[PDB]
Amino acid sequence: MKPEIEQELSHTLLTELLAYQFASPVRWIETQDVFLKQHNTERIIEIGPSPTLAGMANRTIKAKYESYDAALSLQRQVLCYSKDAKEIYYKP
Amino acid sequence: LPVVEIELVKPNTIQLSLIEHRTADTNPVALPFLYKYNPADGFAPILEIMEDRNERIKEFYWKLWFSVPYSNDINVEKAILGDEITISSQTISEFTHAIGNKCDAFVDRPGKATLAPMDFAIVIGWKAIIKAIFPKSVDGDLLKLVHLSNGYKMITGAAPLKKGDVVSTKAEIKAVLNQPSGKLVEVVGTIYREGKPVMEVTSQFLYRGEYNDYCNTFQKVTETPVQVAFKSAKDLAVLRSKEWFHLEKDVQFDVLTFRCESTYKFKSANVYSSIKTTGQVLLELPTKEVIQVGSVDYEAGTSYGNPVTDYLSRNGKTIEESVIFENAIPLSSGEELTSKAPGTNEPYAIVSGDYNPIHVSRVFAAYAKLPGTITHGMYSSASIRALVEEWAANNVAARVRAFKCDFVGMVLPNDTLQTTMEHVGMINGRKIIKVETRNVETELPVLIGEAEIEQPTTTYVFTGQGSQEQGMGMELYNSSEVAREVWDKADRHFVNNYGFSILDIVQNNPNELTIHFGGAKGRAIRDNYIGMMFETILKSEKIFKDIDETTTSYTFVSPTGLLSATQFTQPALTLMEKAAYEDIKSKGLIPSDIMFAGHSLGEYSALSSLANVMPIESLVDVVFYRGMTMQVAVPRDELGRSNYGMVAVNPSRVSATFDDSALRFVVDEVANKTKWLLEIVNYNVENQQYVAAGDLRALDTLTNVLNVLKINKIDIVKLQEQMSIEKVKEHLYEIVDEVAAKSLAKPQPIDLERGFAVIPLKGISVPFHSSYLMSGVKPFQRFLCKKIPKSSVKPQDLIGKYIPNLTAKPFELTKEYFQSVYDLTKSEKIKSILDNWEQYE
Amino acid sequence: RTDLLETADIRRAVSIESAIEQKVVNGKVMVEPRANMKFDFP
């Protein structure tokens, strides 16, 4: 793929995504599947004033990926900028 | 077998031939040392023939190492091409057992792609790298050769070496110097796989002695990129005065970055025969990207220094990509980190191909005057990088990256060494770790080095609306300079263009805020407010219908605070997230291959923070614009109250049987039966959280329907099992009709009552992520197209790393992905792109 | 005034940096007066 055509298609797709996402229903289930199972992400970072997404990611991995994490030996570390800033910046 | 053979080859000539049998072909090879015997003077009856001494030692070392015919007629500035070698499990096994690496990634297992250690890079490239010190123009005593430092550097996006890889090596000599201690030689060996670089191996060698051949010395220094900002025309004039500055543009304000490399040539120790400094002059764009706007080109003959580097150091600031955090963290500095040098150096010599006799032969070490058959410095490096790969990583081969190491001391066989490493800093998401090894018996550093290991696979998720709080991000605003920059740029744009301070709103959260339109700046701000339009389907109703040419002010109204307002909440939250992420970037905690996503507004914040698709000013402008657009999207009452809202429900709290499918079915059947908007907007954590939006009548209807299910203990799936789908519809329609007849009584606006499973999301009146806003989405698409510049959209920051809120799959530029987007949007532009895709590619 | 200052200061800065560049590329002592006390007979 040429860089110019790739940039064209990426711009069009990004614009369509941002346009249609605020009216289409948010599919956070597949996003959680992506960043928990497909990518096997041992570290989750959430940035915000409060941990609204960190908590629900925590209970998602608890309800769905507990045995998965056990068997694969995945030590998930869910971190929020509000509370776990020391872990974010590696300042124990 | 014979290791020394002494004879009188001719009268007054004693050959001391040092034999070596640990060779490549197993044939013995001699190192002659001719000695004039002088009967005339008995004080010094032996005179060493220094003649061809170094050439003879080089021939012997060449027979030992190389494979290649003896030919020292190699240009020092040329590139050495190594032999093509295919990686084999047997070779990795031998190498790992030699250096003591027990990592799982390098042991053959079923159903696993056995990998090879990065220390195998020196084995692959030993021929090319060590061929660099042989040429005549780099002359010295190879027996006095000292390996000063060695290091590896993986290329970004390049996977580690693995079994079956057919790999070639290229080697170049970066610098040859004459220092008081001896002659320095710098070699860089690039590892090529399938025609692409896989990594680089840096090596430094010292030829101890005195050398005056300055004509053969050179240096290629990659000068660090220096940042300079122009706050006045004086800087512009000073730079334009420089003959080496090739820019051709106006740079008032602006910030340049000089990615420069300097090539040197020496005539003496302190005077440079020539200097050639050239570089890319990049300019920082509003999107934080750096684009080459010019070049540095400086050439000089006899010179005493580098004026380009001198001026840049004095006037600019070094970027310093490596970032050291507050306090070094011990990283298993202790007894368990002890590494023991091998009893013999034969296995490492055999596997690596480095047959230097000072490691294996006692006679050659004694001649070289070094203390015994010391272990390979490369063995030490690999053995301690095994400790790094074991402890700093988790036997994870993805973490093997740039590993610098310096052989400061010396290690004997059967030597116990107390390695110590601590996480000290960070570089572009990789964890910089000092590695220091000191022998236990004497406690002197023998190895000192740096290691770069990737953080665990990370995704930077970004928060959506509802979490806003007063004074959010302030502590970081006071502490971190980059957070100051983000917040100040945003705030100053806000005051200049809309006439209010987002920092003031966040800090104070004023109940009322009056924007005044006096003076020319007031007229410009009023013009911005007037030009703000809500386009829909094509209607063009204005957001601020009560602002016109004759109005002197406009007042924002909130019940308790304006920070809760959509137009000020969204920029404030986007900005706190952007500032936190930018401070994190300044600290270098962003792995290159991160993932990222975000919840509603968090998506825009994430894209700005990671992909940098927009500048801070444009980001805040668009989020403010769409916040006001969402404010005017819903017809409000006389007191700014609409008939729309959001409620977060829990099927598990309704009952264990009630699932996402049951909640959905109830939602669509309520909407269809009552002819009112009601949909599930957010599909959060399964069976625990689901946000729904619609007409407030329908939201209350859903509340009471789920309450009825909670109390009566009736399961939709059970009904589906025990009667036909039509009868299930009829039952749920009976429930919905009862509740709808009740909802008719509830007058507008309806204050929702917290149910068993449903909780109202207070402070929200827009039903967003619903079919309601599809009318505004298309004009919002046009707005996004104009406000997101095409050149600023970098796919490399998105492909396989961006999980869009719409599709919830890794972002990809493929026909399948575009087809999914059409499946979710019904967009004809996507179909034009899909149909033309074959021509596009 | 600003034209004159923006000329003088840029000339001074260019001179300073040219001097520094020359110093990088290339790597009088006054007499200290002291008292000559005489009596100065006629």
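In what follows, every chain begins at residue 1, and chains take the letters A, B, ... in the order their sequences are listed.
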Report yes if some heavy atom in the side chain of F624(B) is under 4.5 Å from a heavy atom in the side chain of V620(B); otherwise report no. no

Could you check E30(A) against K809(B) for salt bridge (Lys or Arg N to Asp or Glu O under 4.0 Å), going step by step and ending with a plain yes or no? CA-CA 7 Å; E30(A) 236 292 322; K809(B) 320 192 175 97; over 6 Å; no

Please walk me through it: do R626(B) and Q570(B) pass side-chain hydrogen bond (donor to acceptor under 3.5 Å, both in side chains)? CA-CA 9 Å; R626(B) 303 308 304 185; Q570(B) 285 185 25; over 6 Å; no

What closest approach, in Å, do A693(B) and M646(B) show between heavy atoms, and which atom pair accounts for it? CB-CG, 3.7 Å

Students often mix this up, so state it plainly: with edges at 30° and 60°, are the rings of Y644(B) and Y772(B) parallel, tilted or perpendicular? perpendicular

Kindly indicate, with the supporting measurements, whether the criterion side-chain contact (heavy atoms from CB on, under 4.5 Å) is fulfilled by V486(B) and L575(B). CA-CA 8 Å; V486(B) 152; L575(B) 276 168; 4.3 Å; yes

Rounded to the nearest 0.5 Å, how far apart are CG of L813(B) and CG of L798(B)? 8.0 Å

Indicate yes or no for a side-chain donor-acceptor contact from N707(B) to the backbone of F756(B) under 3.5 Å, with no hydrogens or angles considered. yes

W28(A) side chain near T31(A) side chain, heavy-atom distance below 4.5 Å: yes

Checking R43(A) side chain against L79(A) main chain: does a donor-acceptor pair fall under 3.5 Å? no

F658(B) and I716(B), any side-chain heavy atoms less than 4.5 Å apart: yes

Would you say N612(B)'s side chain and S792(B)'s backbone share a donor-acceptor pair under 3.5 angstrom? no

Could you tell me if the side chain of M774(B) sits less than 4.5 Å from the side chain of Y20(A), heavy atoms only? yes

Exam field: side chain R636(B) to backbone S642(B), donor-acceptor pair closer than 3.5 Å: no

Going from CG on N511(B) to OG on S558(B), what distance comes out if it is rounded to the nearest 0.5 angstrom? 4.0 Å

Shortest non-hydrogen contact between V670(B) and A698(B), atoms and distance: CG1-O, 4.3 Å

From the list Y817(B), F818(B), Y822(B), ring pair (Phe, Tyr, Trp, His ring centres under 6.0 Å) partner of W837(B) resolves to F818(B)

Nearest 0.5 Å please: distance from the OG1 atom of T15(A) over to the NZ atom of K790(B). 11.0 Å

Which distance, rounded to the nearest 0.5 Å, do you find between the CG of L619(B) and the OG of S605(B)? 6.5 Å

Indicate yes or no: at least one non-hydrogen side-chain atom of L601(B) is less than 4.5 angstrom from one of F462(B). no

Distance in Å, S655(B) OG paired with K718(B) NZ, rounded so as to fall on 0.5 Å steps: 10.5 Å

If we only count heavy atoms from C-beta on, is the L17(A) to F811(B) side-chain gap below 4.5 Å? yes

So, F22(A) versus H769(B), ring centres under 6.0 angstrom or not? yes

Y604(B) vs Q21(A), side-chain hydrogen bond (donor to acceptor under 3.5 Å, both in side chains): CA-CA, chis, key distance, verdict: CA-CA 11 Å; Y604(B) 304 92; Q21(A) 69 95 36; 2.7 Å; yes

Write down the atom of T458(B), the atom of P591(B), and the distance for their closest heavy-atom approach. OG1-CG, 4.3 Å

Can you say whether the rings of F494(B) and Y498(B) are parallel (under 30°), tilted (30 to 60°) or perpendicular (over 60°)? tilted

Could you walk me through whether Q689(B) and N650(B) satisfy the side-chain contact (heavy atoms from CB on, under 4.5 Å) test, starting with their C-alpha distance in whole Å, then the side-chain angles of each, then the deciding distance to 0.1 Å, before giving a yes or no? CA-CA 5 Å; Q689(B) 295 177 227; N650(B) 196 330; 5.6 Å; no

Any donor-acceptor pair under 3.5 Å from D659(B) side chain to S661(B) backbone: yes

Look only at the side chain of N40(A) and the backbone of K37(A), and say whether a donor-acceptor pair between them is shorter than 3.5 Å. yes

Which of parallel (below 30°), tilted (30 to 60°) and perpendicular (above 60°) describes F544(B) and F556(B)? perpendicular

I'd like to know if the side chain of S652(B) and the backbone of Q688(B) have a donor-acceptor N/O pair within less than 3.5 Å. no

Testing the basics here: between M630(B) and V766(B), what is the closest heavy-atom pair and its distance to 0.1 Å? O-CG2, 3.1 Å

Could you walk me through whether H731(B) and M723(B) pass the side-chain contact (heavy atoms from CB on, under 4.5 Å) check? CA-CA 10 Å; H731(B) 284 47; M723(B) 52 229 66; 4.1 Å; yes

Will you find, in the side chains of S609(B) and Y460(B), an N or O donor that is under 3.5 Å from an N or O acceptor? no

Residue pair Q465(B), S600(B): steps toward the side-chain hydrogen bond (donor to acceptor under 3.5 Å, both in side chains) verdict: CA-CA 7 Å; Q465(B) 329 193 358; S600(B) 293; 5.9 Å; no

With a 3.5 Å cut-off and no angle check, do the side chains of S743(B) and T701(B) form a donor-acceptor pair? yes

Determine yes or no for a side-chain-to-main-chain donor-acceptor pair under 3.5 angstrom, with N509(B) supplying the side chain and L563(B) the backbone. yes

Nearest heavy-atom pair of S10(A) and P795(B): which atoms, and what distance? OG-CG, 3.7 Å

Set out, in order, the CA-CA distance, both residues' side-chain angles and the distance that settles side-chain contact (heavy atoms from CB on, under 4.5 Å) for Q819(B) and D823(B), then state yes or no. CA-CA 6 Å; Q819(B) 182 62 18; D823(B) 300 333; 3.3 Å; yes

Hey, could you give me the NZ/CG distance between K831(B) and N836(B), rounded to the nearest 0.5 Å? 11.5 Å

How close do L663(B) and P651(B) get, heavy atom to heavy atom, and via which atoms? CD2-CG, 4.0 Å

Can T463(B) and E46(A) be said to form a side-chain hydrogen bond (donor to acceptor under 3.5 Å, both in side chains), step by step? CA-CA 7 Å; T463(B) 313; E46(A) 191 232 32; 3.1 Å; yes

Backbone of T41(A) reached by a side-chain donor or acceptor of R76(A) within 3.5 Å: yes

Side chain to side chain, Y802(B) and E603(B), heavy atoms closer than 4.5 Å: yes

Does the side chain of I44(A) come within less than 4.5 Å of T459(B)'s, by heavy atoms? yes

Answer yes or no: is there a donor N or O on one side and an acceptor on the other, between the side chain of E679(B) and the main chain of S771(B), under 3.5 Å? yes

